[PDB]
Amino acid sequence: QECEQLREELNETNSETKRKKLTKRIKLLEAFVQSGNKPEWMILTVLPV
DNA sequence: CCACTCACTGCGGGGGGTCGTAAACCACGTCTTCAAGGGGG
């Protein structure tokens, strides 16, 4: 849903800096979607030794 | 309104008193095999 909203307002917006920021954000979101990693795994609950 | 910096950041060259357990044994002992010797040049 975040990707959908970002795509819509990217198609809507006219400012170029917003376009660059949102294309970076969309790249990150699609990377998470395709890779399979979960976002919450960046917070550690088990620490290896 | 988005232009146009500029400050910013990151990158290379202290007392005592009890308790339980893997150490920590000195007696414990009887077993082994230490065996004195035995005969066939």
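At-a-glance table
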item	result
Pair list, Cβ under 7 Å, 6 or more apart: the range A:30-49 residue in a helix (DSSP H, G or I), other residue surrounded by fewer than 10 Cβ atoms within 10 Å (Cβ to Cβ)	A:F32/A:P39
Set A:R25, A:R19: member being part of a helix (DSSP H, G or I) and in contact (Cβ under 8 Å) with a residue 12 or more places away in the chain	A:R25
Selected residue (only one of A:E4, A:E16, A:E40 is more than 16 Å from DNA strand B (Cβ to nearest atom) and more than 13 Å from the chain's Cα centre (by Cα))	A:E40
From A:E12, A:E30, A:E4, residue being on the phi < 0 side of the Ramachandran plot and surrounded by 10 or more Cβ atoms within 10 Å (Cβ to Cβ)	A:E30
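With ideal geometry, Cβ positions are generated from the backbone for all residues, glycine too; neighbour counts draw on all protein chains shown. Values quoted throughout were computed directly from the atomic coordinates according to the rules given, and no laboratory measurement underlies them.
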